[PDB]
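This document starts with two versions of one protein chain, written out as structure tokens and named structure 1 and structure 2.
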Structure 1
């Protein structure tokens, strides 16, 4: 058939993607012989090293560039160049990444418990959210103060309140408050010591 310079039968479409979501640029390229295809970002070629995790493919005249977990550092101008003996074509689009947010959420909540005097007690919670939540523990509404008796500890999203030796004076309503720019969540439990 006829030799033909590269042409985009379907151009790249600019896209606004949510952080962490998958982003996909796709285009349909025609031409004969089949053109050589190459992707670029701000005037520089894209590859698995330039943009790790990037999946690039070109089959059945369909060129696709997929970024699994999109980051804010990926937005910008992306372009696709197609070339053969008859000429060269380029299609450029912009990637806009929208900041992701989630209110504080208790994956693991506080649980009420009744124990006998002198028992070692641990109250835990696991909290998630974006931005990272600020977590504080309360006993009957007053912020718990760290000591050998009451111990607040954190490891990632897991917060714990350890009462090494629980006595009747420690009974009460225990709660945890978690906040971030998009919301506030609270968890409450009853601790009873005989």
Structure 2
């Protein structure tokens, strides 16, 4: 073809990806003779010893680097350097790794109910959230840190308050709260215990 220093047809572009998913830096390059190409992260050279699982390819002009699954550790700016007789070109971009997160969700909300005195009552919610939300049960607005007949338990994302035998005085407004780093949610229901005789 002809003598020509390497130029990026398409420089590297920053990427934002979910932790544990694949990232990918791609560039189109030119130059003659074909440029010796190499990748760096935050200044230092990259290899599969440096970053187990890296797939780096250089052919037909296209210059890929793939991270099968990414980690927060992997975050930082990546460079592609192309050198030959006529000069050199460098393209830098950022790999930005986002942790997975999702606000508290009530897949199942508290629902109010009327029960007879003496009945067992189960007040249960289903709650998701990354990180796991802290959930708290409340009665007439004060926290039930659960002594005696008001056993709070968990079974996966199912949290249930148990009242073994229902007393009339137990009637009130129950509320469960769910919070974590990126949001909060609150579900309230009324319980009426209908006496006897």
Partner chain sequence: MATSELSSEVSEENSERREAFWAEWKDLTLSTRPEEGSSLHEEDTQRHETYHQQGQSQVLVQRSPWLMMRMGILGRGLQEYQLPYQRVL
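Numbering follows the first chain given and starts at 1.
Task: Assignment: the form solved without its partner chain - done: Only structure 1 fits here, because that chain is the form solved without its partner chain.
- [ ] Comparing the forms between structures 1 and 2, identify which of 69, 148, 99, 76 marks the hinge between the two rigid parts.
- [x] Checking each of 69, 148, 99, 76, the hinge one is 99.
Open item on the list: Superposing the larger rigid part on its C-alpha atoms, how much does the smaller part rotate between structures 1 and 2? Whole degrees, please.
Closed with: That works out to a rotation of 41 degrees.
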